[PDB]
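To keep things clear, I will list the structure first and then write my remarks on it.
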Amino acid sequence: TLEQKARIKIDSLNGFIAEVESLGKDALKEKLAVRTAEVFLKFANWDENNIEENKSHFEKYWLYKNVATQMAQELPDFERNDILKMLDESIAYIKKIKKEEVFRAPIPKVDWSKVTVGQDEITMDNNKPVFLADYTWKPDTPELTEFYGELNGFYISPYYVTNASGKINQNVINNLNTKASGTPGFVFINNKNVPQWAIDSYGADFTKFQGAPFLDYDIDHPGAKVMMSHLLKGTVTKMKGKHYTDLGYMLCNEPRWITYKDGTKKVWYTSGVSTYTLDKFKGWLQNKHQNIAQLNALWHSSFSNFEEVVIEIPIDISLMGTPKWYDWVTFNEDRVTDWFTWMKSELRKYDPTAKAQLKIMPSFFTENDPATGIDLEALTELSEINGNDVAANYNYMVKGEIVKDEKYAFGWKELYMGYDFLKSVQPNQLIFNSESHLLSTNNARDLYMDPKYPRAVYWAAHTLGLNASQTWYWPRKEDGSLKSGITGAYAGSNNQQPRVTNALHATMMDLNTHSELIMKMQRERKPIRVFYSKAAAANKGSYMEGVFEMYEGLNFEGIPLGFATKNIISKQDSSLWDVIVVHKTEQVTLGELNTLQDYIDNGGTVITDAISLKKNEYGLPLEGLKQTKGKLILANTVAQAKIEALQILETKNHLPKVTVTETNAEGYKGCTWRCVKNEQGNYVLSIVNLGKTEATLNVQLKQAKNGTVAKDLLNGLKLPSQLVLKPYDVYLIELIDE
């Protein structure tokens, strides 16, 4: 039987591990293989005995609905055979280790008990930087914490305020009194299960208006603060300085305040707003317009004063582009930011050192979701840790079928644009993906997913700033059964994927081995900033297609990309970059325009196309920019702006000191790369093939005295002049002058 073969493989592998370590080499990756094999052998025996439960889970996901029986029946032998391939791959490699056909540096073993969470790095002893990985709901057992992480945490919810005097649930106080510091983790603030006293006191209106589906109450109702203050006051002083606050206080799980309509189509999570919200909107309208006639001309309204302003919320999406749509969506962003400005300062009263963060989805930003109320920049400014749960799309499920990315190996835009924006707003802060959806999500899933994919995307995520991650997800219990509450997200995901799970932590050991090189790419200057306007975004649903168009054209030059905004220019040192590129940003506020002028007035360079920067948020004409002491370069096409932008770096001497030229059968580059200098002063490249076909790379130094010879840092060999990259392939190489 397959399991009997597998235990034979395990026996041979363990034997090889022992021999290699006796010769003084490191076999920690292969030890991860064996454990992953043991664990999933257990998973598969439970599957075999629970076809009916597994069939019901496969019925919950549309891709597998019609073959649920088939999938549940075949799952145990899928997992077992995946385990065999895993053991074979490891057995072969540990023989190359034994025979010295490869040289792999000892992998550091991350003891979570001996790691320190800094401002922009996590480090273990010896001050070696490290990167942390765990899973959502993984069991806390020795079997799993040895390789799959030891993330700590604490969970609070307004349901713990048991009366209106602010008494906290006693079993929670007992737990908080006896829970030790423990390993590093984060505080989860639930915003559901409003307690009965709040309902009784504040009435039906208190929960009629929601930040659905993860906040169940009216953030603008005065009771909202009374309730949240009670919870924070009664628990947080017990948490101050505990290691389970090291990765912050998560103020909200996937926040959003969706407030638009679409005729008779169902808009998920949308809500109206209370009288309290309209009262703040009126105040906001007073500050924005000054007098009612100005608002009335833009709204085509005829209010006599601001107290008489009326707006229908949810506001229909057909109004997008109108002044009234801009005012609502912008105010909605601001009022949500106000709630978290309040929530943070209340938190600080009880833990003055608290690091705020949110589990924000950056896809609202990269996909330009309408009327969400989420100002990604403004909530990231208020955070000490760059929280998020960004995703990537191995595929796209359309109407219950798999569709692949039309252009690349997988959908990476959300990760690269997302994290580059996070690291432009908070360049000196850690990234903590507290519910990583790089493996699977609502519309991305494949039981048979190629194990090269988790490697590429987690490697990519870490070059971009990722420092710690809780990966979605590990719903399996200790004995291999499943937690109750299994939804459609389960079928096909990582708890049915031995080699996908193996790849993840095996890629983490590569990342940790060479973590100093990764931190150099995370800290690298970002000389080119693509401009982003919330005003353009509010007005044009398709706005982020033109933005990605510019970003995409720049993202394969060995340069880490960044963004610029009004606040980034107003608040940060312009010497941190060389040029700002504007592309297809047709509407901006006057504050945005003048800040871009201030940047040129003080010696900066702006590349823009002719169509941008000439209408305001209401569609009224703006003067655009002028060249003064700095420079203004006009360039309509992505190709021209790319030529102009790279020249500015050339002048300022900020181009990579390495060139990479790529052949592929696609007509565009798909190998994205990074270049930094190591301690011996040799240049090191990280390369990921994002393209859907094989790429040949000619890599050369710029000042080579003898030549350019590349060495594989992962396995210690010299590589051929023409590097070949299959889709998803990952290279970490050092360039030598020979």
Side-chain angles (χ1 to χ4, degrees), residues 189 191 211 214-215 219-220 248-259 273 277 280-281 283-284 287-288 326-348 354-390 417-432 465 529-539 543-544 547 562-572 585 587-592 594-596 617:
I189 300 184
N191 288 286
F214 291 107
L215 191 140
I219 55 174
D220 294 319
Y249 293 72
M250 182 207 83
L251 302 185
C252 195
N253 188 90
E254 281 175 24
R256 79 204 86 189
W257 280 262
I258 290 176
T259 47
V273 292
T277 301
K280 292 176 179 170
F281 190 46
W284 187 101
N287 196 30
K288 196 63 182 24
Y326 174 84
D327 284 343
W328 173 251
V329 166
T330 303
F331 162 78
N332 193 43
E333 278 165 337
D334 287 351
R335 75 141 175 153
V336 169
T337 301
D338 278 348
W339 167 252
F340 289 107
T341 302
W342 173 81
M343 173 100 159
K344 168 185 206 184
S345 76
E346 184 71 15
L347 172 70
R348 304 267 266 201
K355 298 138 108 155
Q357 46 103 332
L358 282 82
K359 179 194 287 174
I360 301 170
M361 322 163 69
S363 63
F364 294 168
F365 157 78
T366 65
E367 316 220 290
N368 198 38
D369 286 349
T372 66
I374 303 303
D375 185 336
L376 178 51
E377 169 173 51
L379 299 172
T380 295
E381 285 171 348
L382 130 169
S383 306
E384 277 77 14
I385 291 174
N386 296 332
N388 72 96
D389 64 336
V390 81
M417 301 225 293
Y419 278 12
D420 276 344
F421 189 80
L422 291 174
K423 297 293 288 180
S424 303
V425 183
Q426 288 261 33
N428 294 312
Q429 250 170 33
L430 185 148
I431 296 191
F432 172 45
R529 307 299 187 102
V530 172
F531 186 76
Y532 173 76
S533 166
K534 271 185 291 164
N539 270 291
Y543 170 61
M544 285 293 267
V547 174
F563 291 86
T565 69
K566 178 176 83 175
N567 292 15
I568 281 167
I569 300 157
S570 290
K571 295 169 181 174
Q572 309 187 26
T585 306
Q587 284 186 263
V588 292
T589 65
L590 185 67
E592 287 171 317
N594 296 330
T595 309
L596 283 175
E617 68 265 31

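When a residue number appears, it is its place in the shown sequence, counting from 1. Values reported hereafter were calculated over all heavy atoms of this structure, with side chains retained and with hydrogens, waters and symmetry mates removed.
- Sequence neighbours left out, not one pair with a member in residues 370-390 passes ring-ring contact (aromatic ring centres under 6.0 Å, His included).
- Separating the CZ atom in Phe364 from the CD1 atom in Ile258 is a distance of 5.5 Å, to the nearest 0.5 Å.
- Within the 4.5 Å cutoff, no side-chain heavy atoms of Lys423 are placed close to those of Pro427.
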(request) Apply the test side-chain contact (heavy atoms from CB on, under 4.5 Å) to residues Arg335 and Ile219: give CA-CA distance (whole Å), side-chain angles for both, the deciding distance (0.1 Å), then the verdict. (result) CA-CA 9 Å; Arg335 75 141 175 153; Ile219 55 174; 3.7 Å; yes
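- When every heavy atom of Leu215 is checked against every heavy atom of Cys252, the shortest pair comes out as CD1-SG, 4.4 Å.
- Of the possible polar contacts, none joining the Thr372 side chain to the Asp369 backbone as a donor-acceptor pair under 3.5 Å is found.
- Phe563 has its ring centre no less than 6.0 Å from the ring centre of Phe531.
- Between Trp257 and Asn332, the side chains place no donor N or O within less than 3.5 Å of an acceptor N or O (distance only, hydrogens not considered).
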(request) Would you sort out whether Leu422 and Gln429 count as a side-chain contact (heavy atoms from CB on, under 4.5 Å), showing the intermediate values? (result) CA-CA 9 Å; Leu422 291 174; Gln429 250 170 33; over 6 Å; no
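- Listed here is the closest heavy atom pair of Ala538 and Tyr326: CB-CD1, 3.9 Å.
- Here the options are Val425, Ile385, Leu358, the test is side-chain contact (heavy atoms from CB on, under 4.5 Å), and the partner is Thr380; only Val425 passes.
- Minimum interatomic distance between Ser533 and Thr585 (heavy atoms only, all atoms of both residues): CB-CG2, 3.9 Å.
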(request) Output, in order, the C-alpha distance, side-chain angles, deciding distance and verdict of side-chain contact (heavy atoms from CB on, under 4.5 Å) for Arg256 and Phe214. (result) CA-CA 8 Å; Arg256 79 204 86 189; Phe214 291 107; 3.7 Å; yes
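- Using a 4.5 Å cut-off on side-chain heavy atoms (C-beta onward), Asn567 and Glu381 make contact.
- The CD atom of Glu377 sits 9.5 Å away from atom CZ of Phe365, with the distance rounded to the nearest 0.5 Å.
- Note that CG of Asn191 and CH2 of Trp339 are 7.5 Å apart. Values are rounded to the nearest 0.5 Å.
- Checked options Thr595, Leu590, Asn594, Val588; the residue passing with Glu592 is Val588 (criterion: side-chain contact (heavy atoms from CB on, under 4.5 Å)).
- Note on ring orientation: taking the six-membered ring where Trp is involved, the planes of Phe281 and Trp284 are parallel (angle under 30°, cut-offs 30° and 60°).
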(request) Take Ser424 and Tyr532 through the side-chain hydrogen bond (donor to acceptor under 3.5 Å, both in side chains) test and state the conclusion after the steps. (result) CA-CA 11 Å; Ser424 303; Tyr532 173 76; over 6 Å; no
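- Between atom CD1 of residue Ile374 and atom CZ of residue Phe340 there is a gap of 6.5 Å, rounded to the nearest 0.5 Å.
- Between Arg348 and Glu384 there is a salt bridge, since a side-chain N of the basic residue sits under 4.0 Å from a carboxylate O of the acidic one.
- Within the 3.5 Å criterion, the main-chain N or O of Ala537 finds a donor-acceptor partner in the side chain of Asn368.
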(message) What verdict does the side-chain contact (heavy atoms from CB on, under 4.5 Å) test give for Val273 and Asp220, after you've listed the backbone C-alpha separation in whole Å, the side-chain angles of each residue and the deciding distance to 0.1 Å?
(response) CA-CA 9 Å; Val273 292; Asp220 294 319; 5.9 Å; no
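- A donor-acceptor contact under 3.5 angstrom links the side chains of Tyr419 and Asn388, judged on distance only.
- Salt-bridge annotation for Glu617 and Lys534: absent, with no side-chain N of the basic residue lying under 4.0 Å from a carboxylate O of the acidic one.
- Between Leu382 atom CG and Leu251 atom CG the span is 6.5 Å, to the nearest 0.5 Å.
- Residues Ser383 and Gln357 have side chains that never bring a donor and an acceptor to within less than 3.5 angstrom of each other.
- Here the CD1 atom belonging to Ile360 is positioned 11.0 Å from the CD atom belonging to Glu254, to the nearest 0.5 angstrom.
- Counting heavy atoms from C-beta on, the side chains of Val336 and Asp375 never come closer than 4.5 Å.
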